[PDB]
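Values below: every heavy atom of this structure, side chains too, minus hydrogens, waters and symmetry copies. Below, chain A is the first sequence line, B the second, and so on; all start at residue 1.
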Amino acid sequence: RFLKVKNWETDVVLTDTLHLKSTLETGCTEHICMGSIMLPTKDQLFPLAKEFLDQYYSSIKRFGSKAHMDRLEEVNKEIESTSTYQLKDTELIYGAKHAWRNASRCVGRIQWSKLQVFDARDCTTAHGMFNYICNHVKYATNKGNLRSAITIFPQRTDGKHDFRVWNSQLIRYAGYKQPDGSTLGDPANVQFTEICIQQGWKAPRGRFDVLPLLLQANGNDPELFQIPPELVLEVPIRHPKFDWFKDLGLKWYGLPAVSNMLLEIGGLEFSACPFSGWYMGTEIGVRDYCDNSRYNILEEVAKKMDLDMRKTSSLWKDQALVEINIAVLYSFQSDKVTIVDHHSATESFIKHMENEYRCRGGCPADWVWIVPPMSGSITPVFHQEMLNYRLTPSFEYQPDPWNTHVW
Amino acid sequence: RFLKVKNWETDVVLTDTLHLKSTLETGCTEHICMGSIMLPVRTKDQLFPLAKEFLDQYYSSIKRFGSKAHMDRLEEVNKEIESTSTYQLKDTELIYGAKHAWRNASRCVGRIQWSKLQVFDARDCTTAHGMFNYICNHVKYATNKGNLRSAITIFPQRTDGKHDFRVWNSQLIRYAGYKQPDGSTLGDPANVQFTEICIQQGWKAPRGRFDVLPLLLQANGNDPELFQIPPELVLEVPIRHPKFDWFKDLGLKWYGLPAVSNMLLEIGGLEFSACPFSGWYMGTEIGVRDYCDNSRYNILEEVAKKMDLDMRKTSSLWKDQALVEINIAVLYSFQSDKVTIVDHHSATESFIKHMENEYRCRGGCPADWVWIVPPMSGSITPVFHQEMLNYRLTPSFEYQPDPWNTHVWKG
Ligand code: HEM
Ligand code: HEM
Ligand SMILES: CNCCCc1cc(C#N)cc(CCc2cc(C)cc(N)n2)c1
Ligand SMILES: CNCCCc1cc(C#N)cc(CCc2cc(C)cc(N)n2)c1
Ligand SMILES: C[C@H](O)[C@H](O)[C@H]1CNc2nc(N)[nH]c(=O)c2N1
Ligand SMILES: C[C@H](O)[C@H](O)[C@H]1CNc2nc(N)[nH]c(=O)c2N1
Ligand SMILES: [Zn+2]
C-alpha cells in the first residue's frame, strides 16, 4: 500500500504515499494494463468541493480553522441554494496551478508554481473571448521570452451554455485534402479546417496557414476570429551546418497553447481553459516534422543529406532525425525564442520528481508520455520507474464540440 | 468483453478477446498503473487445475480437444499428481509449452519468430558437469557459425524447492566487471557482483575489458560449480564504423549470442528454474544500452570527442549524434562479419505485422509498450504509435530471485 519507485541508473529509491489520495480511475485492472492507451448534481458536488477546500486550506496552513469551516459552510449553502458555487480568486489560482502539478503526462512540471492565471470568468461573448485570448498570447509570448499562462473562461452550468475553444491549440497550421490525393499543410488538422471553411473562413490554401479561432461562448454557435498576425511569433527553421535546410521552407510557431482540455477544480468544470508554456524541441522536430501522419519530411531531408536509403540498417532515418532536431533547437535559440531540449527537460523532471517525493510524498507520472520520442534511454527518465494515478484538480480530455454541438 | 487498440499513425483498430484467458496479476489497479515498474513449493491442490488448463490448451491446439487421448492424458496426470505430488510433461507438451511461453512474452519484440524455436530437452541432466555439456551444445547449435538459430535448453523442473537446477549467470555469455579501488570500473559494470562471486568461487580473472565470464552452474540444489565455455564456441564481433576509421581503435567488441539464463519457465504449473534461451540481437541492445547507458560501458563521451561534436551544451544534441553513429557501427560490424542481427526499424515493423496476425488468429497479443518501443528513435518506429494491452498468459517466462540470495550453502 506504500509503493516504491526505483531509478535503475542511480539505484535511488523513492517511496510514494501520494497515490492513496487518488480518486479517479486509470483504465487498468489487476488483469490488464492499459498504460499505452491514449484515451482510456448537488450531492455529487459538495464532497468534491469539500475535498478541494480541505486541501486548499491545508496548503495555507489553516486546516481546521474557523475560516476553513466558514468557507466550507458558505460553499455548502451556495450549492444547496444555487446548485453550484463560485471559487474565490485565491482558490481558482491554487486549483489551476495544482491541475498542472497533477498532470501526469507533462514533463515540464518543475515550473508548476510559476503559472500566470488570467481570470476570464466575466466573459460573456465570443468577441470577449477573442480579446482575452489575444492578451494571453501576447503575455505568454513576451517577444520570445515565454511565460506560462492559463486563461479561465466561465464554468459549466447546465452543459447547455458551454464555453469552448473549438481549436485543439490556440496556434496551429491548416490542412487541406488535395485532388492530387496528398495532403497540403498539417494532416492533423484537415477536419477542423473544413469546419472553419463550412463556417466561412476564407482559406489561403497554403502549407503553413495559421488557423482562425472558432470560439463558442455561453453555448452559442461558434464564431470565427483571426489572431492578429503580429501576435503569432513564428520561427524559420535553418540548420547550423546544412545551408540547404532553409530551402525546405519550414517554420513553426513559438507558442504551444493547448485549448481543448477541461479544467476540473472542486467539482467545477472549466470547459474553456487555454494554457501555454514553451516547447520541448522534440515536439516539433520529431513529432510535428517526422511523424508519418504529420509533415513527414524524413525522406526529403535524408535525400538532401545524400544518405543510403536502400536499407533501414544504415539508420538513415535516425541520422536525418537528429539533424532535423538540431535545426529546430538552433533556429529557436538563434531567434531568441524559449525552447528546451529533451536532455535538459528530462533532467529537470527528475529533479522535480525528487522534490515532489520529498515534499508531497509523490508525483504521478505517465512514463509512456514522459520519455521523449527520440533517444529515450540516454535521458534519465527512461531509467526512472514512475507510478501513474489521477489527482484532482486535473486537466481532462473532453469530446470535440462539433460532435457535441446542437447547432 | 471486447477491448480495442488503435494505431494512431494508421487508425487501424484491433479487437482483443484473448485477455479474457488471462490469469496472473499485472500489478496495476483501477487506482494506479504500474506499467513502468520493472519487477512488480506448490500444493497438489493448486496443481491439477493448472495442469488441466494447460492440457486443454495443448489438446485444442492439436485439434484433439475432448478426444479419448485428451481425456486419458488428464486422467494420467491427475493420478500422477495424487500419487507423486507432481507430474512429467510429454516431450510434445514441453515443446508446445516452451514455444508458447515465448509467444506470450509481452516484453519481447522478436516474437514473430516464436514458432521456430529449437527445444533441447535436458530433463535427464543430474550434475553441473552435465549442465555444462548441454549448455555448450546449445551455444554451438544456436551460434551456427554466425547464422543464429533460436534455442532453449530445459533442465529438470522444481520438486521440493531444495533441489533446484539454476544457471547463476544472468546470460550464458557476458563480460566481467571489476570495481577498482579508485571507484572506476573495468569491463561491464552490470556484472561486477556476479564477477566477484565467480572470483570467490575460484575463477582466475584475466582482468581485462572484455573477459567472458565462466558458467556458474547449480544442479539438484547442490552448490554451483565453475566452468569456462570453450573460447572457440564464443563468437565475437570487433566493432568498427563504415566511415570513421578511428572507431576500431576504441577497442570495442561484443558477443553474437544473447542468451537469457536467469528466468523461470512455467508450463502447466510446473516450474523450470533453469531454462536458458537464445535468439539474436537487435542492434540497440548493444549500441544503445550496452555501450551508452551511463551504468554500462558508457562510451558516448569518448565517441563524441572523436567526432569533434560541440559538447559544451546538450542542445547541440551531441549525445544523440554519437548515439546514432555507434549504432550504425554495431549493425555494420555484425553484418560485415555475417553474424545475425536486426535493426530496430526492421524488428518493430515485423512486430507490428506479428501483432496484427495474432489479433486475427489468436484474438490478441499481450505486449508491454514500455519494453517494446526501442531505446532510441522511438516515434519513427511503428510500435510507438501502436496502443498495446499488457496481460499475463501461461505458459510464461517469469523472473526469479538471484540464486546467491536464496541458496542454502552445502560447503
Ligand atoms: C512551461 C513549459 C512546459 C513544457 C516544457 C511542457 C512540456 C510538455 C510536453 C513535451 C508534453 C507532451 C505533449 C505531447 O506530446 O503532445 C506536455 C503535455 C502536457 N502538459 Fe506540459 N509543458 C509545459 C507547460 C505546461 C503548462 C503551463 C501546463 C498547464 C497549465 C501544462 C500541462 C500539460 C498537460 C495537461 C499535458 C498532457 C496533454 C495531453 O494529454 O494531451 N504544461 N507538456
Ligand atoms: C529471435 C530473435 C529475438 C529477438 C530479436 C528478441 C528481442 C528481444 C529484445 C530486444 C528484448 C528486450 C531485452 C532487454 O531490453 O533487456 C527481448 C526480451 C525478451 N525476450 Fe526476446 N528476442 C528474440 C528471441 C527470444 C527467444 C527465443 C525467447 C524465448 C524462447 C525470447 C524471450 C524473451 C523474454 C522472456 C524477454 C523479457 C526479458 C526480460 O524481461 O528481462 N526472445 N527480446
Ligand atoms: C493526441 N495528441 C495530439 C497532439 C496534441 C498537441 C499537438 C501539438 C502539436 N503540433 C502540440 C501540443 C502542445 C503540448 C504542449 C503543451 C504545453 C502547455 C507545453 C508544451 N511544451 N507542449 C499538443
Ligand atoms: C533489467 N535488464 C537487465 C539487462 C537484461 C539483458 C541484458 C543484456 C545485456 N547486456 C542482454 C539481454 C538479452 C535479452 C535478449 C534475449 C534474447 C533471447 C534475444 C534478444 N535479442 N535479447 C538482456
Ligand atoms: C500509442 C501510444 O500511447 C501513443 O503513440 C503515445 C505514446 N507516447 C506519447 N508521448 C507523448 N509525449 N505524446 C504522445 O502523443 C504520445 N503518443
Ligand atoms: C523504469 C523502466 O521501466 C525501465 O528503465 C525499462 C524501460 N524500458 C525498457 N525496455 C527494454 N527493452 N529493456 C529495458 O531494460 C527497459 N527498461
Ligand atoms: Zn497499468
Apply ring pair (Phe, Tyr, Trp, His ring centres under 6.0 Å) to the pair A/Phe382 and A/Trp367, showing each step before the final yes or no.
-> CA-CA 8 Å; A/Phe382 180 94; A/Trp367 190 103; 5.4 Å; yes

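- Ion pair B/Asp245/B/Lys248 flagged as a salt bridge, since at least one NZ, NE, NH1 or NH2 atom sits closer than 4.0 Å to an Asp/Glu carboxylate oxygen.
- In this structure, A/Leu184 CG and A/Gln178 CD are separated by 5.0 Å, a value rounded to the nearest 0.5 Å.
- The aromatic rings of A/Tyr253 and A/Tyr173 stand perpendicular to each other, their planes meeting at an angle above 60°, with 30° marking the opposite boundary.
- Within the 4.5 Å cutoff, the side chain of B/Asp343 has no heavy atoms near those of the B/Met282 side chain.
- Ion pairing between a basic and an acidic side chain is recognised when a charged N comes within 4.0 Å of a carboxylate O; A/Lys317 and A/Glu299 show no such pairing.
- Of the possible polar contacts, one joining the A/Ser331 side chain to the A/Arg238 backbone as a donor-acceptor pair under 3.5 Å is found.
- You'll find the side chain of B/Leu300 reaches within 4.5 Å of the side chain of A/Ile378, heavy atoms only.
- Residue B/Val324 forms a side chain to side chain contact (heavy atoms under 4.5 Å, CB included) with just one option from B/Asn327, B/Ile326, B/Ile328, B/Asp320, and that option is B/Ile328.
- In this structure, B/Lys6 does not pair ionically with B/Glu387, as no charged nitrogen and carboxylate oxygen lie closer than 4.0 Å.
- Interatomic distance, NE2 of A/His136 versus CG of A/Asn131, reported as 13.5 Å (0.5 Å rounding).
- The aromatic rings of B/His241 and B/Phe244 lie parallel to each other, with less than 30° between the two planes, well short of the 60° mark.
- With respect to the salt-bridge test (charged N to carboxylate O, under 4.0 angstrom), the residues A/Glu356 and A/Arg109 do not qualify.
- For the atom pair A/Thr379 OG1 and A/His342 NE2, the distance stands at 7.5 Å (nearest 0.5 Å).
- Taking each heavy atom of A/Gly281 and A/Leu329 in turn, the nearest pair found is CA-CD2, 4.0 Å.
- The CD atom of A/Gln333 sits 10.5 Å away from atom OG1 of A/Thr338, with the distance rounded to the nearest 0.5 Å.
- Ring geometry for A/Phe208 against A/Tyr295 counts as parallel: the plane angle stays under 30°, on a 0 to 90° scale with 60° as the upper cut.
- Atoms CD1 and CD1, from A/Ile110 and A/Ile350 in turn, are 11.0 Å apart once rounded to the nearest 0.5 Å.
- Between A/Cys196 atom SG and A/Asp209 atom CG the span is 11.0 Å, to the nearest 0.5 Å.
- Side chains of A/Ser293 and B/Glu9: a donor on one and an acceptor on the other come within 3.5 Å.
- In this structure, A/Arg147 is positioned above the aromatic face of A/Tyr139, its NZ or CZ under 6.0 Å from the six-membered ring centre and within 45° of the axis.
- Between A/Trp316 and A/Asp308 the shortest heavy-atom distance is CD1-O, 3.2 Å.
- The aromatic rings of A/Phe332 and A/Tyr279 sit perpendicular to each other, their planes meeting at more than 60°, with 30° as the lower class boundary.
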